[PDB]
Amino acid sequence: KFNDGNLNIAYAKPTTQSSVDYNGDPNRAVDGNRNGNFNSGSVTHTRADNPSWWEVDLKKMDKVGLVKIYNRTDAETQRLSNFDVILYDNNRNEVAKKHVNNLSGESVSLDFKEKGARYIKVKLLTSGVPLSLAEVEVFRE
């Protein structure tokens, strides 16, 4: 629930994703565990979807600052590439979007500067690539 003294508002929130494979249910990206080894149980996994995506629902409009996305680490790390992070309001209107080409480390940090949003979606832009996320943390600043 807190990471380095900052309240992670995504923790334990409802999640969905495009499909599930390998029992990589979407709630694994909000289970409080940054472990990126798939075999740990901490990491989501969709099927090879058109495209694969994952989303957290904050349950109401909230304010979104830092969003930190933790990649799978044990294998297939390149899958988390060429992707959008999209904020939606209560009526699923897009209110902000950032594109990430790839990760040089195990995570990427994005600052949405306190934009009002209820949903944060991670969407791969390449057809037929599974989406796996170790953790998605969201902070209000």
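In case it trips you up, residue 1 is the first one in the sequence shown, and so on.
Per the PDB record, of the two stretches 127-135 and 5-13, 5-13 carries the greater mean B-factor over its C-alpha atoms. Between the stretches 23-31 and 91-99, it is 91-99 that shows the larger average CA temperature factor. Annotation for residue 63: C-alpha temperature factor in the highest third relative to the rest of the modelled chain, per the entry. Sort the modelled residues of the chain by CA B factor and residue 43 lands in the lowest third. Per the PDB record, residue ranking by Cα B-factor puts residue 112 in the highest third of the chain. In the deposited entry, the Cα temperature factor of residue 80 sits in the middle third of values across the chain's modelled residues. Among the modelled residues of its chain, residue 104 has a C-alpha B-factor that falls in the highest third, as given in the PDB entry.
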